[PDB]
4 protein chains.
Amino acid sequence: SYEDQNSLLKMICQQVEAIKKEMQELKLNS
Amino acid sequence: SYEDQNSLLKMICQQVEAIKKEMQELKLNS
Amino acid sequence: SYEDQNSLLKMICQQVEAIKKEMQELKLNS
Amino acid sequence: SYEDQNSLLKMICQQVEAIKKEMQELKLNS
């Protein structure tokens with residue numbers, strides 16, 4: 001259903017954004 | 001510190017595995 | 001179209017697996 | 001080490017950004 005899958009997709013998108021910022025932190029500090 | 005880097009990379013890898021599993025649950029039309 | 005989106009999801013899943021393997025390679029060489 | 005892997009760090013960061021953009025392009029129930 002749209003709602004439940006939209007909540008899943010929105011979560012995945014923000015988890016990817018968190019990984020982006022975490023990887024940037026890791027690289028900058030390396 | 002190296003421990004800070006390790007813990008950060010550990011979480012990144014956990015989060016990537018979580019996204020990998022979540023994307024197998026996503027139904028584009030439902 | 002559904003086919004456009006299914007293609008996109010398949011590409012994303014392949015890309016996620018690649019980053020998983022590369023993050024592991026990074027750790028193995030750390 | 002974490003100090004001799006800039007090229008791989010850069011690759012991972014590029015690939016995470018590419019996934020981010022693709023995730024933002026996904027459409028449900030289209």
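Note: hydrogens, waters and symmetry copies are ignored here, and every other heavy atom, side chains too, is used. Just so we're on the same page: letters track the sequence lines, and every chain starts at 1.
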Got a list of side-chain donor-acceptor pairs under 3.5 Å for residues 9-18 of chain D, not counting sequence neighbours?
{"from": "D/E17", "atom 1": "OE1", "to": "A/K20", "atom 2": "NZ", "distance (Å)": "2.8"}

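Sorted by first and then second residue, the pairs that involve residues 2-30 of chain D and meet ring-ring contact (aromatic ring centres under 6.0 Å, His included), not counting sequence neighbours, are B/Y2-D/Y2.
With sequence neighbours excluded, the residues forming a side chain to side chain contact (heavy atoms under 4.5 Å, CB included) with D/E3 are D/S1, listed by chain and number.
Contact residues of residues 23-30 of chain A toward chain D are A/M23, A/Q24, A/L26, A/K27, A/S30 (heavy-atom distance under 4.5 Å).
If you measure heavy-atom distances from D/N6 to chain A, the contacts under 4.5 Å come from both the backbone and the side chain.
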